[PDB]
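Before any questions on binding or motion, here is one chain by itself as structure tokens, the form deposited in one PDB entry.
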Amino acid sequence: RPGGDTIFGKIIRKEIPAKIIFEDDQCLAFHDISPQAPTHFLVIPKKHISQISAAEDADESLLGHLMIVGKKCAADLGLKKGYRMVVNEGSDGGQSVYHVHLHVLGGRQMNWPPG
């Protein structure tokens, strides 16, 4: 099964719907089910990469593509004052779903430290 075998795989194969913001041959962007800011969406690759520590060097462009799509969607959503992009890796990072995903949060002042 393409898209991997996580909850994200089902979204990718459209077995389950989501508030899809954007989609191309390489990735898909959709709103987070538990937003932590007025605007909070995810950008995930269609290719199954379980975590960033498992990405290959060949995956560079694709990883760079998620940030480019993230900045574009953020513009469409009108995040004029900025935003924060976050990739969590492993238990200390706070990763629960093992399929790489980039968080884009905005619409409020993000604080420091970032968790």
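We number the residues from 1 along the sequence you see.
As for the form solved in complex with a small molecule, it is not shown, yet the points below apply to it.
A.B. asks: Within a 4.5 Å heavy atom cut-off, is residue 33 in contact with the small molecule in the deposited complex?
C.D. replies: Result yes; residue 33 sits at the interface with the small molecule in the deposited complex.
A.B. asks: So in the deposited complex, does any heavy atom of residue 96 sit within 4.5 Å of the small molecule?
C.D. replies: Heavy-atom contact with the small molecule at 4.5 Å: present for residue 96.
A.B. asks: Check residue 11 for me: does it contact the small molecule in the deposited complex (non-hydrogen atoms, 4.5 angstroms)?
C.D. replies: Yes.
A.B. asks: Against the small molecule in the deposited complex, would residue 42 count as a contact residue? Criterion: heavy atoms within 4.5 Å.
C.D. replies: The answer is yes: residue 42 has a heavy atom within 4.5 Å of the small molecule.
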